[PDB]
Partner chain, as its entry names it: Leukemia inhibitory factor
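A single chain comes next, written as structure tokens; it is the form solved without the partner chain.
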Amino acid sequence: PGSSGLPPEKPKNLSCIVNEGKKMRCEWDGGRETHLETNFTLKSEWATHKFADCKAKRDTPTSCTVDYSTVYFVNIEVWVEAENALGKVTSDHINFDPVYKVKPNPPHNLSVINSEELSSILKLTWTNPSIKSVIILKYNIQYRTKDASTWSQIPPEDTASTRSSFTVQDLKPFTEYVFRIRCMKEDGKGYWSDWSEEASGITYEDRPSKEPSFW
């Protein structure tokens, strides 16, 4: 109350995100405190329709989750208008197809299995998120020994397209490995999903080495 009122600063850094299966949410920077309880309204519309205004809540004034279901393959015009007693200002408009703003759920049912009888490999199998029918997925597959302090990563160009399994090679024998994987749209337009649950597996003992040692 002792503070001095100010007009709303033009909202900046507007960006939207469609978490898989959830309604679109847009974020922005409201600027400096105006001391006048600025009201933010997320406006959005298709060239063929005007959607319901999204009124940013009290707790989170610089964020809003729309009321309508996401419809991929159609461009939407989005912008935010800030308003208080001293003025009304609108951010710059952004136009995009939500298919390029998806943050998929991480792959699930991640399991590590021994295969080919080799003591230097471990195979990963998993179930891709349902969004795979809307976008082609690319991944980041990471692995490390149980005792390792850091994660190693499979060359992203080797996991650049939708798949549900991957064989990691050149691993140490009789060693426990932990794995994790994340995904996003293949073209890099969108957001990486959170890391999947970690899954572990143990490589076979090296028979040839045990033989050559006994000999």
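Positions refer to the first chain, counted from 1.
- The mean C-alpha temperature factor is higher for 33 to 41 when 33 to 41 and 181 to 189 are set side by side.
- For the pair 71 to 79 and 134 to 142, the record assigns the higher mean C-alpha temperature factor to 71 to 79.
- The PDB entry assigns its highest CA temperature factor, among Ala56, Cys26, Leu171, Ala160, to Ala56.
- Sort the modelled residues of the chain by CA B factor and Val99 lands in the lowest third.
- In the PDB entry, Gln153 places in the lowest third of its chain by CA B-factor.
- Among the modelled residues of its chain, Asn105 has a C-alpha B-factor that falls in the lowest third according to the deposited record.
- Sort the chain's modelled residues by C-alpha temperature factor and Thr90 lands in the highest third, per the entry.
- Ranked by C-alpha B-factor against the other modelled residues of its chain, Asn128 falls in the lowest third.
Absent from the display: the form solved in complex with the partner chain. The rest refers to it.
- Think of it this way: in the deposited complex, the partner chain has a heavy atom of just one of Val74, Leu110, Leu118, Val89 within 4.5 Å, and the residue is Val74.
- Using a 4.5 angstroms threshold between heavy atoms, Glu81 stays clear of the partner chain in the deposited complex.
- In the deposited complex, the partner chain lies within 4.5 Å of some heavy atom of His49.
- In the deposited complex, the partner chain stays beyond 4.5 Å of every heavy atom belonging to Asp29.
- By the criterion of a heavy atom within 4.5 Å, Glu45 is counted among the residues contacting the partner chain in the deposited complex.
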